[PDB]
Structures are given as structure tokens and as C-alpha cells.
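Index from 1, following the sequence. Because only heavy atoms are used, hydrogens play no part in the values below, and waters and symmetry mates are left out as well, while side chains stay in.
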Amino acid sequence: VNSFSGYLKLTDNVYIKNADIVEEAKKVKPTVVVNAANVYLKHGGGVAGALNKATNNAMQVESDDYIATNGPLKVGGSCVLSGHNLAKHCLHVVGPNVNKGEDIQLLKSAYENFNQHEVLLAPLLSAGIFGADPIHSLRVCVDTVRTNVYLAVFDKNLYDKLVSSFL
Ligand SMILES: O[C@H]1CC[C@H]2CCN(c3ncnc4[nH]ccc34)[C@H]21
């Protein structure tokens, strides 16, 4: 039993809700919140900008030190950093950016990172400015993640569309 509330069960292990991931994190304080990151951990907009803003830029400061030490992430890769005031940990996951020409097959690799964590609060990867088809991303999530994932989709119209189209 956990403290997530109001989610639609999609499968044994995948849940979805029309909500701002930042507000879900503030409410639940999950062990792991997933950030929809880029390879440079530059948290400019979307989920990343919103999470970072909610940490008063502490996420960005930590991320800049990470990159200075380790270099960029791979597309499809991830790193575990602090969750600051929002969660115990933040799993920064890089989905492919189809507008950069990046291989959509890497979306499956991106979701595989979730399997290293028993429970996660997460956004829909490669949605928004990364340009992937959100229905496909949800299908990849359900077909790839085996651990318990609570998906927060802030855009109401998108949430409604994903729920009615799921195959
Ligand atoms: O709405 C979905 C569909 C478009 C994506 C880009 C932003 N986003 C978010 N998802 C969840 N929480 C969020 N907080 C702030 C943004 C945000 C996604």
C-alpha cells in the first residue's frame, strides 16, 4: 500500500492520472520521481524545468556538478541524483528527441531504466517538446516497465486522449 490517490489502473503495474508531477511529488514525497531529462541535464522547460524550479534551482546546481564530473548521459540512459524537497531520489531519464533525429527505438531503452526501482512517480517520456507520439510512448511504457509506475500527465486533453485510445 502507498499514498498515491486517484489513479486509473492501466495494467498490473502501470497507473495514470491527469496531474502535475510536481504537485504529485510535493503531496506524496515518493522514493523516486522521474525527470524527463536531456543528456546535458539542462532543466529548461517541461517536466525538467518545473521540477527544477520547485527545487529553487538546487536540482540544476547538483546536475551541473554531475556533468562536470561524468560528462553527458546517453540518449536512453539515466542517472540517480537527489530528489531534493520533492522525493528521496530523482531518476533523470533521457528519452529520444524525435526533433533532433534521435531513434524512437531508444524510448524502450529509456523506460528500461525504470525497472531498477520498485516504485516510481513518472512523466510520459518523450512527450511534449521531444515530439514522440504519446500513445506510442504509453504503449512502450506498459510493454517495458515491470515495476510499479505512477504516471502523472498534466495536460488534461492528452490524458483524456490516452485513456480512450489505449490498446
Ligand atoms: O503534460 C504532459 C504532456 C506534455 C508533456 C510536457 C509537460 N508534461 C508534464 N507532465 C506532468 N507534469 C508536468 N508538470 C509540468 C509539466 C508536466 C507533459
Side-chain angles (χ1 to χ4, degrees), residues 2-4 14-17 19-132 134 136-138 140-141 144-155 158:
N2 55 51
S3 61
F4 292 101
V14 180
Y15 295 82
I16 191 169
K17 185 180 180 183
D20 183 352
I21 196 175
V22 180
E23 297 301 320
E24 290 293 299
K26 291 192 221 186
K27 178 70 178 179
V28 170
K29 312 235 200 303
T31 305
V32 180
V33 67
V34 174
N35 181 31
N38 56 57
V39 299
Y40 307 110
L41 303 180
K42 289 305 183 200
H43 307 306
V47 168
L51 289 170
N52 177 56
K53 178 172 177 190
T55 75
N56 185 42
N57 211 50
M59 177 179 286
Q60 191 64 69
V61 171
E62 178 194 31
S63 292
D64 287 351
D65 171 83
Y66 172 93
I67 296 286
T69 297
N70 300 108
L73 294 181
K74 299 167 181 179
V75 180
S78 69
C79 67
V80 180
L81 291 172
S82 179
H84 302 274
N85 47 313
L86 301 179
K88 188 167 189 291
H89 306 285
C90 179
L91 181 69
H92 296 271
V93 179
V94 183
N97 184 339
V98 173
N99 280 64
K100 292 180 194 152
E102 299 176 348
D103 183 6
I104 192 64
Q105 297 297 324
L106 291 170
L107 186 55
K108 188 172 184 75
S109 302
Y111 276 116
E112 288 171 341
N113 295 287
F114 290 24
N115 290 320
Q116 300 294 316
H117 303 277
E118 286 199 336
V119 183
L120 316 87
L121 170 65
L124 193 65
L125 295 183
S126 294
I129 73 152
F130 271 6
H136 176 66
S137 182
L138 182 55
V140 176
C141 180
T144 305
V145 182
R146 299 177 299 284
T147 54
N148 290 328
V149 56
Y150 290 83
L151 295 168
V153 175
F154 193 9
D155 191 288
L158 179 58

Quick one: are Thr147 and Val149 in side-chain contact, heavy atoms under 4.5 Å?
no
Would you name the heavy atoms of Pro123 and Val47 that are closest together and state the gap between them?
CB-CG2, 3.7 Å
Closest non-hydrogen contact found for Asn97 with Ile129 is OD1-O, 3.9 Å
Is the side chain of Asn113 donor-acceptor paired with the backbone N or O of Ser109 at a distance under 3.5 Å, no angle test?
yes
Find out whether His89 and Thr31 are in side-chain contact, i.e. whether some heavy atom of one side chain is under 4.5 Å from a heavy atom of the other.
yes
Count the heavy atoms belonging to other residues, nucleotides or ligands that lie under 6.0 Å from NZ of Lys27, then report whether that count exceeds 12.
no
Sort out for me which residue in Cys90, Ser78, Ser63 forms a side chain to side chain contact (heavy atoms under 4.5 Å, CB included) with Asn35.
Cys90
With side chains defined as the heavy atoms from C-beta onward, is the minimum distance between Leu138 and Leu151 less than 4.5 Å?
yes
Please find the pair of heavy atoms, one from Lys108 and one from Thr144, that lie closest to each other, and give the distance.
NZ-OG1, 2.9 Å
Non-hydrogen side-chain atoms of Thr55 and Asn85 separated by less than 4.5 Å:
yes
Quick one: CG on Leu120 to CG on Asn148, what's the gap to the nearest 0.5 Å?
8.5 Å
Does any non-hydrogen side-chain atom of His92 lie less than 4.5 Å from one of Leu81?
yes
Shortest non-hydrogen contact from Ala152 toward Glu24
CB-CG, 4.2 Å
Just wondering, do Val119 and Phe4 contact through their side chains at under 4.5 Å, heavy atoms?
yes
Under the side-chain contact (heavy atoms from CB on, under 4.5 Å) criterion, do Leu51 and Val22 qualify, and how do the steps go?
CA-CA 6 Å; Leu51 289 170; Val22 180; 4.0 Å; yes
Give, for atom CG of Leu121 and atom CG of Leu91, the distance between the pair rounded to the nearest 0.5 Å.
11.5 Å
About how many Å separate CG of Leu124 and SG of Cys141, when rounded to the nearest 0.5 Å?
7.5 Å
Tightest non-hydrogen contact, residues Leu107 and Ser126, listed as CD1-OG, 3.6 Å
Is any side-chain heavy atom of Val28 less than 4.5 Å from a side-chain heavy atom of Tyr150?
no
To check you understand the geometry: which heavy-atom pair defines the closest contact between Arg146 and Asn115, and what is its length?
N-OD1, 2.7 Å
Measure the spacing between CD1 of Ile67 and NZ of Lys42 and express it to the nearest 0.5 Å.
7.5 Å
How many angstroms lie between CZ in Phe130 and CD1 in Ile104, if you round to the nearest 0.5 Å?
11.0 Å
Let me see the working for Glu23 and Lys26 under salt bridge (charged side-chain N to carboxylate O under 4.0 Å, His left out), right down to the final yes or no.
CA-CA 5 Å; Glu23 297 301 320; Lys26 291 192 221 186; 3.6 Å; yes
Tell me, do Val34 and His117 make a side-chain contact under 4.5 Å, heavy atoms counted?
no
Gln60 side chain to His43 backbone, donor-acceptor under 3.5 Å:
yes
